[PDB]
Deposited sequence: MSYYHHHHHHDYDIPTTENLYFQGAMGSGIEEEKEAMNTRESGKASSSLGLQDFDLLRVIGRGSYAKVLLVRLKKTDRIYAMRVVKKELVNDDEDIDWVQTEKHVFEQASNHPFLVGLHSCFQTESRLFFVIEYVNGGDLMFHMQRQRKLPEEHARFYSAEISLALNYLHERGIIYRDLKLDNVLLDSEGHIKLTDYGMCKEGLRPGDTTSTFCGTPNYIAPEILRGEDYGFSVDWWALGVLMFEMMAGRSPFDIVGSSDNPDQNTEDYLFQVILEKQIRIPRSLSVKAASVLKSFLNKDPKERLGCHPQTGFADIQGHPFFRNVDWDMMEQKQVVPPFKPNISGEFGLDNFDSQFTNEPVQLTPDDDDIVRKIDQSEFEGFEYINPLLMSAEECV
């Protein structure tokens, strides 16, 4: 399609590779979110990765799916389903701290989603509060596929150093080759944040990234003692710095191990995958699109695209982008 097919309503975010907009398909007045990527950032086959993952997302409830895909001379566009509940970064700023029951719910749904990607050879690589979105009904969706690695087979590994430092696994920091194990670590950090109301690394939330990397590799994490033994135990299991011994990471039993953990014993996993468990919290939809659930530092921005510089535009291979246009049936 084309930019002219849509009406550009508000800016709602800054992704890992993208600027995220709220748009309306003018021909239908349907509303969608739209990820806009500067080709100057992509031209390894990233586009291939992105579309490969969007393809998996159609078939799972906890992964945001793709409506369509188009391009101008300077940018890529992905029109994706709009999730108006907001993300967990916003939820945590507002809630401060979540009860164990809430955290169990979100982590269960997140586990399903990670496991779904893994079984199909994909490492997510950017699991974090900002990248977890709430459905209007209160269920979660993983968005942002920018850092994904796909095609990973058993015994296959990668070595690419990337992610969000707060959530970067120890094996990456040591410069080892790594697999799915890093998502489970990231989930670890994320569960800690939900239940303790802060990052397990003090400097985050209080200075160079290198120090953060050291803190991650060196400090023993300290679990708040108010937490139940179940909760505590799952956190230390996920935040084991040796990926060989970390919860979820065994090659054969990894997901079962999670599901068999005492913290999750309270979970009917298949009723969960089917969205038949009731969310512990129901986002409040303003009626104004639910834009209230988005950081104002975005929503108070002109929806204007920044004109392209003809020095760079002509100096980028439009060929790495052939036959990119797409519509989901």
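key: Sequence order list of spans that the model leaves without C-alpha positions, deposited numbering   = Those parts of the chain that were deposited but carry no coordinates are 1 to 48, 92 to 95, 259 to 264, 388 to 396.
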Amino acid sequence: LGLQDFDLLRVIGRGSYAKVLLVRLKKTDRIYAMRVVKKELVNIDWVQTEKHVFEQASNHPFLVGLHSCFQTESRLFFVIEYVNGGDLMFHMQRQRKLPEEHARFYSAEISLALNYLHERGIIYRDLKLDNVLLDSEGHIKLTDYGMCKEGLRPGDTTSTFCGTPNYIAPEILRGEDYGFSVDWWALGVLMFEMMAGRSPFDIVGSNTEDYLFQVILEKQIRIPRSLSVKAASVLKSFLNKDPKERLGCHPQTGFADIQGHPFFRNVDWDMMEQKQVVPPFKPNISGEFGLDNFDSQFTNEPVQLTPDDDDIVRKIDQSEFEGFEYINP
From here on, numbers count along this sequence of modelled residues.
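query = Which is higher in the entry, the mean Cα B factor of 125 to 133 or that of 170 to 178?
reply = For C-alpha atoms only, the mean B-factor is higher in 170 to 178.
message = Test of understanding: from the entry's C-alpha B-factors, which stretch has the higher mean, 70 to 78 or 159 to 167?
response = Result of the comparison: 70 to 78.
key: From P302, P61, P280, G260, residue of greatest CA B-factor   = Comparing C-alpha B-factors across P302, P61, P280, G260, the top value belongs to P302.
ask   = By its CA B factor, does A196 count among the lowest, middle or highest third of the modelled residues in the chain?
value = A196: CA B-factor falls in the lowest third of its chain.
task = Looking at the entry's B-factor column for C-alpha atoms only, identify whether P154 ranks in the lowest, middle or highest third of its chain.
result = Highest third of the chain for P154's C-alpha B-factor.
message = Taking only the Cα B-factors deposited for this chain, tell me whether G205 sits in the lowest, middle or highest third.
response = For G205, whose C-alpha B-factor we compare with every modelled residue in the chain, the answer is the highest third.
ask   = Lowest, middle or highest third: where is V20 by C-alpha B factor in its chain?
value = Within its chain, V20 is a lowest-third residue by C-alpha B-factor, going by the deposited values.
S233 - which third its CA temperature factor falls in, relative to the rest of the chain = Lowest third of the chain for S233's C-alpha B-factor.
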